[PDB]
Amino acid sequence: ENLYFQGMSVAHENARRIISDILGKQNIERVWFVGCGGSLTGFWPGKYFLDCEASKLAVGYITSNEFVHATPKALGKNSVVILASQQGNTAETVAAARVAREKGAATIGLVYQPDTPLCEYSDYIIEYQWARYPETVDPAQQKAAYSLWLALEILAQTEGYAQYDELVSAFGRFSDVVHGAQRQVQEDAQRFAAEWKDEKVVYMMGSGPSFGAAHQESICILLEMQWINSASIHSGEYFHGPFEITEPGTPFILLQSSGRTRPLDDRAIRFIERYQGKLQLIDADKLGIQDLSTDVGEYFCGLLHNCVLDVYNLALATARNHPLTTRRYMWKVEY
């Protein structure tokens, strides 16, 4: 018999070393995901995985400055606090890492820029990859991807996870699925941009693994990068107040998921179409989630939507003559 020796994702190996090192020094009884805006919603994939799969863990998900100011008494020696910041200096995320460390928690800091202030209070540092679409990097090494890698490792090294190998090889297929999906949506994205360029209010929707993506699109793209009024509505929540807003032409972008919460999404689709809402459907299952894994591909829906949306976002920004880098406040005034 010939012996086979496998390799490992950069993100897989980083995640795995960090969590082993931490377990050698404490228990992992509680995790917090802590950050601001996109640097909090980037943790949704891991949050969702653990909420679904971990039986022993208590999992938190909190905006940095709230964590700093109203610190949970549950934070301590056997907690892990995972923080993200792009340029590594969001003062409240740095203070969150400081407070976590003062409380005795292990801190994992995700940064794009190394030697940035978040690093000072990060026991472990991950330099995730990032580029501005149409420039690309390895999707398995992007900020949101690391939420799922770290989640996988926390679960596997504390409770075990029968589908570990399945998810690791799903992640090995992820770059091909992302590239195939982005290519597949070019035409639709163009048609979207031309037809949606004049909307002043857009509602983002999703459920389960895709809900973070929906919220992120809402707060980080539509409000932040386009100045379009927006809310995110959980597909399940839609029918308990929000849907009363719906009339012919009310714009909804639904980020539909594979797997268990899909019927939530299908329920919304039927209703939005029955009442002639302006619906842009982006369906993970049509864009090759089934190619990742028939078992655990539900957990990659948010990550896939984040990537596929880059295409629609550029198309819309060009149609609206509003570059995604437009700001009137951020990086411009003090606040």
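Just count from 1 along the sequence shown to find any residue number.
When 134-142 is weighed against 112-120, 112-120 comes out higher, by mean CA B-factor as recorded in the entry.
Remark: stretch with higher mean C-alpha B factor among 149-157 and 84-92 is 84-92.
In the PDB entry, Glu29 places in the middle third of its chain by CA B-factor.
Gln163 sits in the middle third of its chain by CA B factor, as recorded in the PDB entry. In the deposited entry, the Cα temperature factor of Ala213 sits in the bottom third of values across the chain's modelled residues. The PDB entry assigns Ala193 a C-alpha temperature factor belonging to the lowest third of its chain's modelled residues. Split the chain's modelled residues into thirds by C-alpha temperature factor. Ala268 is in the lowest one.
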